[PDB]
Each structure stands twice: as C-alpha cells, then as structure tokens.
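Using ideal geometry, Cβ is built from the backbone for each residue, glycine included, and neighbour counts are taken over all protein chains shown. What is reported rests on the model, the rules as stated and the sources as named; no laboratory instrument gave them.
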Amino acid sequence: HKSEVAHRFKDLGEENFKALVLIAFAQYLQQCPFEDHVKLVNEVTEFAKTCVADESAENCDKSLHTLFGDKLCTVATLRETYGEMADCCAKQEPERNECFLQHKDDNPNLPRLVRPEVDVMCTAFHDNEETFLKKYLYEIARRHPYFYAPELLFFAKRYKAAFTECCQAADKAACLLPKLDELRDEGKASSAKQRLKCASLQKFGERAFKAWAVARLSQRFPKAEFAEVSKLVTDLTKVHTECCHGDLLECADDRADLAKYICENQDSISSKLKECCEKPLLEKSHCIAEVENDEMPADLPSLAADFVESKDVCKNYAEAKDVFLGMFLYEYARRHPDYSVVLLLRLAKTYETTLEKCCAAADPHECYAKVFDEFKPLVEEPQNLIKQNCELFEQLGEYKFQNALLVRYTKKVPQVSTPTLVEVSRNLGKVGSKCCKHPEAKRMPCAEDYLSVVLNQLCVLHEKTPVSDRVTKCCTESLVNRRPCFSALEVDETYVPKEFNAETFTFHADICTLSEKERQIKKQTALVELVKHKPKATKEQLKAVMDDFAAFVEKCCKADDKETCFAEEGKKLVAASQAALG
Ligand SMILES: CCCCCCCCCCCCCC(=O)O
Ligand SMILES: CCCCCCCCCCCCCC(=O)O
Ligand SMILES: CCCCCCCCCCCCCC(=O)O
Ligand SMILES: CCCCCCCCCCCCCC(=O)O
Ligand SMILES: CCCCCCCCCCCCCC(=O)O
Ligand SMILES: CCCCCCCCCCCCCC(=O)O
Ligand SMILES: CCCCCCCCCCCCCC(=O)O
C-alpha cells in the first residue's frame, strides 16, 4: 500500500483508529498523563486524514512503525520520565521499535484503579461520555501493555453498553455492578490466557503447541480435512509466535492474514464462520476465535482401524511420527468436542508412549492391541471429578460450595496464605457454578478453560511468594499435567496446626454493616484460619462451629446493643468451639 496509515484509517474507521492509537501510545508510554496522549492521538489522527485525503502527501508513504516511533520520539519528557527508553530514539526503524518494545514494562507500579461510586460513574458517563471511557481505556492499556489492542477495545465497547443500560435503570447499582464485575473478570482472564499461552510456547516449545493446536482446531473444525487442520496449525503457530514477541502491528497482520484465509476457505473448514467472516477486519480474527464448534460428520468410524488393528501402524508411525500422532490427535479430537484439550493431549501422549515401546517389541501389533483400554481411566478421571463437584455444587449453593473447597484445599496445602486460599477457592467454586450449568457434553471443555485461568493466577501468586514445593511442581509441570497434579494433592500430614490467636477469631459490629462480598470474604477468611488451627477436625465438628457462628452473627446484630454482644457472645462461641475440637 502507498500509505499504510491511510489504508488502516480507511478500514478501521476514525473511531477505531483513534482508540487503537490511544491504546498503542498508552502501552508504550505508560507513565505519560491522559492529556498528553490525547494530544498525540489527535495529532496522529489529523495527520492520518491528510493521507486519506492524498496518499502522496508528505510523510504519508512512511510505514506505521516509522511514523509511530517518530511520535514517541517527539515526547519532550522521554528521557526525564522514561530515561533509558529515550535512547531508543538514537536508533532507527527495525532496531528502534524493537528497543521501544523491549522497554515495555509489563507490571508498572501505578496506583490501584479505584472504581468510583455508581452515581459518580453515571454522572461522568453522561457529562462527558467520550472522556469517561477513553481515560479508562488509557488506564487499563498502560497497566496491561501486552494486552492485544483490539481485544482491549472490544471489551471497552461492551462497557458503554453496560453504562447506557444501567445508568437509566431503577436500581443502577444492581444493574451496573454485576456487569462491571463480569467484564473485569472476562478481561483479566483473557490477559492471563494469552500470557499463559506465550509462556507455554517458550517453556515447552513449538511441538507441544502444535499438538495443542491440532486438538483445539480439530474439535472446532471437525469437517475439516487433516491437511487443512495441519495447515491451520502451522499458521496459527506462527501467529502466536509473533504475537508473543509483542509488536501489535505484525501480530494484527498475522492474525488478519489467517482470518482472511479461513474466511476464503469456509467450505473446507467450517459452516459456522459466515457471520464472523462478514464482520470488519478489526473483529474477524477475534470472532473466529470464539466461533462455536461445527457439527462433526454423522457416521465417522472408530479409530481402531487405522491406529490399533491395521498392519503398518508402526510403519506409518515411524515414517513421520508427528504426522501420525497429529492424525491420531486430529481424529480423536474432532470426534470428542466434549473432551478438554489437555485430556486429548494426555491420550496422544499415551498413544505415543505405547507405540514407542511396542514398535520396539517382538510383536508390536500384539503389544499395542489393548492401547485403547489405557485411555479409559484417563477419560473417566476428569468426568468423575466433574460429577462429584457438580453434584456437590447442586447440594450446596455456590457460597457453601466455596466453603467446602475452602476446607478441602486448606487441608491439602495449609502453608498457602489465607488471602490466596480465600481468593482461589472462591474462584474455583465460581468455575463450578458456571460450568456445572452446562450439559455433560460441554462441562469438561468449560472447566479446562476456566480452571486454566484460576490455576494460573494461583501459580502466578505462588511464583512470586513460594511456600509449597508440591504447588511449585504443579505450577512448573506441563500444562497438560497441571490440573491432574493439583488434583493429586493429598492432605499435608506434616503440617503442625497454627497456634490459636483470639483476635483472628474476634468479630465486631462491622461485619453486619458490610457489603455481601466483604461479609462473605471475612466469614470465609475466619473459616480458613479455623481449619488452619484445627486441621484434623471432622466435618460434623466444623459444621457445628459454622452453625453456631451463623446464630452468633445472626443474633448479635439482631439485638439493640450490637457492639458488645459480638465480644461477649464471641467469647461464648470461641471457647465452646475450642472444646468441641482437637
Ligand atoms: C478494558 C476495557 C475498558 C476498561 C474500563 C472500564 C470502562 C470504564 C468505565 C468505568 C468502569 C470502572 C471499571 C471497573 O471498575 O471495572
Ligand atoms: C500429511 C500432512 C502432514 C501434516 C503434519 C502435521 C503434524 C502435526 C504436528 C503436531 C504433532 C503432535 C504430536 C504430539 O506431540 O503428540
Ligand atoms: C500502530 C498503528 C495504529 C493503528 C493500530 C492498527 C490497528 C491494530 C489492529 C488491526 C486489526 C487486527 C484484527 C485482527 O486481530 O486480526
Ligand atoms: C489469541 C487468539 C489467536 C488469534 C488467531 C486466531 C485465528 C482464528 C483461529 C481460531 C481457531 C481457534 C484457535 C484458538 O483457540 O484461539
Ligand atoms: C471446583 C471445581 C469445579 C469444576 C469441576 C471440574 C473438575 C474436573 C476438571 C478436569 C477437567 C479439566 C481439564 C482436564 O484436566 O482435562
Ligand atoms: C492452592 C490450594 C489448592 C488449589 C486447588 C486446585 C484444584 C483445582 C480444581 C481441581 C478439581 C477439583 C477437585 C480435585 O481437587 O480433585
Ligand atoms: C476457634 C474459633 C471459632 C470461630 C471460627 C469461625 C469460623 C467461621 C466459619 C465461616 C462461617 C460459614 C457459614 C457462613 O458463612 O454462612
């Protein structure tokens, strides 16, 4: 293209252009104020219009990287506020952008973004809508500089819909606060999801990612031929390889290239991609990534023919092992959309281990004739774990299901900090509530996606403040073995109970005048410390202590004098539980 800036403006549209340029500036210049960035965005946008007007205008033939880096290098405070990052301007084009990207600070030390009160938010939404959402877009971008810029925009667009709807509702807080929470969880999950994919790419290599890709693409596109899924695995692998490097423009191009190829070959890939492929270039690749699984062919035979009983199984394996294993993973995944990707990866790993051992034996065909039986216990293990917990979720609420996990996982790794234990257990129970509402066919893929988010957060929190070697092993093993490693955690018998601290089990009147969440988290914090103090306590004893606690908190703010009931009745509750335990 003659003018790269002109085309992107022509296709993104002015609004998408300014917002993406705002995000881009924020992720590079994370310390500059909002007003400074708006000025750069407007200047870049005004210049972009000259290129749309005449692509031959001055500097309109420069590349986006060149033009973007020039504007960064015009910042007056570059050396004062970012220091070493101002040395990037002494370099040009390839080396300059790579220098700037290297100086992206993934975790800057900016203050916590406080969510204002609803009435303040709705008033700022109406008095200045553009400035309201745009500043927040700037605040999030600068705090997540590797967050893919379109997805960051895509979430921001949904925030406007939440405010428009709820700011005119009867109970605005009842409408808005849940939606802001879903989006905030949706975004933090997505952020952790791509950074996790990149770490796994560089920690376990391209081969392991290509295995994961065959499984995920074959489930999604089960009518697609193996040669087709294979080609899409290689392209998607280069896309993620480049996007993990971190340059927005090359990532956007690689994603748009693949999203274009898939859309021009829908007849050979999937039926579900028409609506996605009619969306603008900005949304194409994101839409395709969220497309639902296509229906698999009706009468597909079992895999026993080509992979177990047929002669040449070892011959076809040894001529090109990753081709053969890829064919096995493709055939298995496309028939089992109800399996998690890591489950199918466990299956291919077992199939690979069997062929390697058996093809070296005297009678290989006899050695691997029973290989399909080795898959069953691997398949049943998550399926049974889903039913135990979803049945447990049906019996209890989401809250009381969280309380069960609270007790369960405190006994397994009691060394984990109480805030991490409360947060991760609350999140795990929420994985239950969401995924246990899906029929059997959709339960395990649900759990894998949302367990990967919760467990990674657990492993992120644990990496920075190590406290348990077993959790470290689960966090450093293959992602395929992550969840089964955590599910293999047994109760820590070497733990010595934590010493009783009366102030930890002392409650004041603040508990009854608290938000439903802080009230739950404070009750759940006291539950963790209760288990940490009497770990060998049975469920009848604990249920008895939680039952007396329910009446204790129910009555002390059901009385005329609330403040001192909590200390006097708390002295009654704690001493009785002390005797009822140990
Ligand atoms: C990542 C997309 C934009 C994120 C900014 C949220 C939308 C701005 C309106 C203010 C909402 C408060 C944000 C929050 O507390 O979750
Ligand atoms: C006949 C066309 C050749 C296509 C080759 C595709 C190879 C797929 C790579 C993924 C192999 C996964 C094997 C594994 O690690 O378990
Ligand atoms: C740095 C140049 C300023 C404008 C930013 C270019 C737009 C980035 C996203 C382009 C659309 C990518 C769509 C996709 O993910 O496939
Ligand atoms: C982080 C999303 C990667 C962007 C490239 C995806 C291009 C469309 C292929 C989507 C097929 C499913 C692969 C996936 O799970 O992301
Ligand atoms: C507290 C957990 C609630 C949801 C129950 C899910 C337990 C089974 C997860 C195993 C399937 C995840 C993917 C896998 O490991 O194959
Ligand atoms: C750090 C406390 C341990 C964290 C617990 C991680 C377990 C993830 C859910 C595993 C599936 C639910 C049932 C199980 O543990 O077998
Ligand atoms: C050893 C001192 C005993 C006090 C320990 C109190 C433990 C609080 C359990 C949390 C209450 C669960 C019931 C609920 O939140 O509805």
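Anything in region 491-506 that is assigned to a loop (DSSP other than H, G, I, E, B) and surrounded by fewer than 11 Cβ atoms within 10 Å (Cβ to Cβ)? List them, or say none.
Within region 491-506, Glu493, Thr494, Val496, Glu499, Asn501 qualify.
Quickly run through region 334-352 and pick out the residues that are surrounded by fewer than 20 Cβ atoms within 10 Å (Cβ to Cβ) and in a helix (DSSP H, G or I).
Listed by number, the residues that qualify are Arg335, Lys349, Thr350, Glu352.
Only residues that are in a helix (DSSP H, G or I) and of a type outside the set (A, V, I, L, M): list them for region 558-582, please.
Answer for region 558-582, where residues must be in a helix (DSSP H, G or I) and of a type outside the set (A, V, I, L, M): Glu563, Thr564, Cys565, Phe566, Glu568, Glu569, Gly570, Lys571, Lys572, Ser577, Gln578.
Give the residue, chosen from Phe328, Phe375, that is within 31 Å of the chain's Cα centre (by Cα), more than 24 Å from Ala224 (Cα to Cα) and not assigned by CATH to the domain that holds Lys437.
When all the criteria are applied, what remains is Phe375.
Going by the conditions given, is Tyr159 under 26 Å from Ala252 (Cβ atoms), without any contact (Cβ under 8 Å) to a residue 40 or more places away in the chain and surrounded by 13 or more Cβ atoms within 10 Å (Cβ to Cβ)?
yes
I want to confirm something. Restricting to region 533-582 and keeping residues that are free of Cβ contacts under 8 Å to residues at least 24 places away in the same chain and either β-branched (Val, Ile, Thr) or within 16 Å of ligand 5 (Cβ to nearest atom) (or both), which single residue is surrounded by the most Cβ atoms within 10 Å (Cβ to Cβ)?
Step by step, filter region 533-582, then rank; the result is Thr564.
Report whether or not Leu29 is surrounded by 21 or more Cβ atoms within 10 Å (Cβ to Cβ) and among the aliphatic types (A, V, I, L, M).
When the stated conditions are applied, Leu29 passes them.
Look at region 378-405 and say how many of its residues are away from ligand 2 (no atom under 16 Å from the Cβ), over 23 Å from the mean Cα position of the chain (by Cα) and under 15 Å from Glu448 (Cβ atoms).
2
Can you name the condition, by its number, that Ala509 falls short on among (1) surrounded by 17 or more Cβ atoms within 10 Å (Cβ to Cβ); (2) farther than 30 Å from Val453 by Cα?
Going through the list (1) surrounded by 17 or more Cβ atoms within 10 Å (Cβ to Cβ); (2) farther than 30 Å from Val453 by Cα, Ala509 breaks only (1).
Restricting to region 349-365, what's the tally of residues that are in contact with a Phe, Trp or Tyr (Cβ under 9 Å, 6 or more places away or on another chain) and over 18 Å from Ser310 (Cα atoms)?
Residues that pass the stated criteria total 1.
Can you name the number of the only condition in (1) surrounded by fewer than 17 Cβ atoms within 10 Å (Cβ to Cβ); (2) in contact (Cβ under 8 Å) with a residue 12 or more places away in the chain that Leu258 fails?
(1)
Taking the criterion of being away from ligand 1 (no atom under 16 Å from the Cβ) and within 33 Å of the chain's Cα centre (by Cα), would at least one residue in region 304-320 satisfy it?
No, region 304-320 contains no residue that is away from ligand 1 (no atom under 16 Å from the Cβ) and within 33 Å of the chain's Cα centre (by Cα).
Tell me, please, whether a residue that is outside the structural domain of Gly429 (by CATH), under 19 Å from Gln402 (Cα atoms) and not aliphatic (A, V, I, L, M) can be found in region 500-507.
The answer is no; no qualifying residue exists.
Where in region 241-314 are the helices (runs of 4 or more DSSP H), entirely inside, with at least 1 residues that are of a type in the set (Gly, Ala, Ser) and not assigned by CATH to the domain that holds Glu331?
Ranges flagged: 248-264, 281-289.
Would you confirm whether or not region 293-308 contains a residue that is surrounded by 13 or more Cβ atoms within 10 Å (Cβ to Cβ), under 30 Å from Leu152 (Cα atoms), touching a helix residue (DSSP H, G or I) at 6+ places or on another chain (Cβ under 6 Å) and not small (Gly, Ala, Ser)?
yes
Among the residues of region 22-42, write down those that are more than 21 Å from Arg79 (Cα to Cα) and not hydrophobic (A, V, I, L, M, F, W, C).
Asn42
Checking the condition over 30 Å from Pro377 (Cα atoms) and hydroxyl-bearing (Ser, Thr, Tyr), which residue from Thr506, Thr476 passes?
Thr506
For residues in region 4-26 being crowded, with 23+ Cβ neighbours inside 10 Å and in contact with a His (Cβ under 8 Å, 6 or more places away or on another chain), which is nearest to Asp106 (Cα to Cα)?
Out of the qualifying residues, it is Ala26.
Which ranges mark the helices (runs of 4 or more DSSP H) fully within region 32-100 that have 3 or more residues being out of contact with any helix residue (DSSP H, G or I) (no Cβ under 6 Å at 6 or more places or on another chain) and surrounded by fewer than 17 Cβ atoms within 10 Å (Cβ to Cβ)?
Of the helices (runs of 4 or more DSSP H) lying wholly inside region 32-100, those with at least 3 residues that are out of contact with any helix residue (DSSP H, G or I) (no Cβ under 6 Å at 6 or more places or on another chain) and surrounded by fewer than 17 Cβ atoms within 10 Å (Cβ to Cβ) span 34-53.
Scan region 516-557 residue by residue and report those that are basic (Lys, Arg) and either within 16 Å of ligand 3 (Cβ to nearest atom) or in a helix (DSSP H, G or I) (or both).
Across region 516-557, the qualifying residues are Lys517, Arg519, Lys522, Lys523, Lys532, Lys539, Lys543, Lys555.
Report yes if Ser285 is more than 9 Å from ligand 4 (Cβ to nearest atom), of a type in the set (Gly, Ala, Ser) and within 24 Å of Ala227 (Cα to Cα), otherwise no.
no
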